[PDB]
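Participant:
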DNA sequence: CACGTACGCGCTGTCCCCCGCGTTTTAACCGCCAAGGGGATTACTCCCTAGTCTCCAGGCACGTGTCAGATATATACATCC
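Numbering (UniProt numbering), first residue to last: 471 to 519.
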């Protein structure tokens with residue numbers, strides 16, 4: 471995730487695109503909600519109906 | 001209180017079955033429709049039925065006299081020594 475994982479201040483991201491599923495959005499909303507995302511792309515949005 | 005003996009308890013063997021562990025499966029759990037019925041409230045209307053009241057009469061309780069079945073004698077006929 472981070473270019474500097476051994477730091478303790480502000481950690482900037484290393485990856486560009488994160489592919490994930492619904493189950494790990496619900497499971498890891500704490501570890502993923504505290505990320506300033508620039509874009510969301512939700513495939514099969516009828517699940518989000 | 002005396003006697004005596006049966007059984008509670010301790011010890012030992014033995015075998016068997018339950019526990020611990022590793023591996024594989026599998027269904028509980030969480031998150032989803034898809035519509036529809038059950039049920040909890042809020043408000044309203046209506047009507048049947050149970051409380052209340054008055055009056056009376058017979059059911060229940062008590063007491064007492066009798067009465068038919070069960071029990072205990074009174075006297076007469078049959079019978080043993």
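Beta carbons are placed, not taken as given, at the ideal position from N, Cα and C, and that holds for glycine.
So who's on the other strand from residue 472, going by DSSP bridges?
Facilitator: As a working note, residue 472 is residue 2 in the first chain. According to DSSP, residue 472 bridges with 483.
Participant: Short check: CB of residue 480 to CB of residue 473, under 9 Å?
Facilitator: Along the first chain, one-based indexing puts residue 480 at 10. Along the first chain, one-based indexing puts residue 473 at 3. Not closer than 9 Å, so no.
Participant: Candidates 477, 492 and 488: which alpha carbon is nearest residue 517's?
Facilitator: Indexing the first chain from 1 puts residue 517 at position 47. Checked all of 477, 492 and 488; the closest Cα to residue 517 is 492.
Participant: What span of residues does the alpha helix (DSSP H) with residue 501 cover, start to end?
Facilitator: Here residue 501 corresponds to residue number 31 of the first chain, with the count starting at 1. Taken as a continuous stretch (DSSP letters only), the alpha helix (DSSP H) holding residue 501 covers 499-503.
Participant: Quick one: Cα of residue 498 to Cα of residue 505, how far?
Facilitator: Stepping through the first chain from its first residue, residue 498 is reached at position 28. Stepping through the first chain from its first residue, residue 505 is reached at position 35. Distance between the alpha carbons of residue 498 and residue 505: 12 Å.
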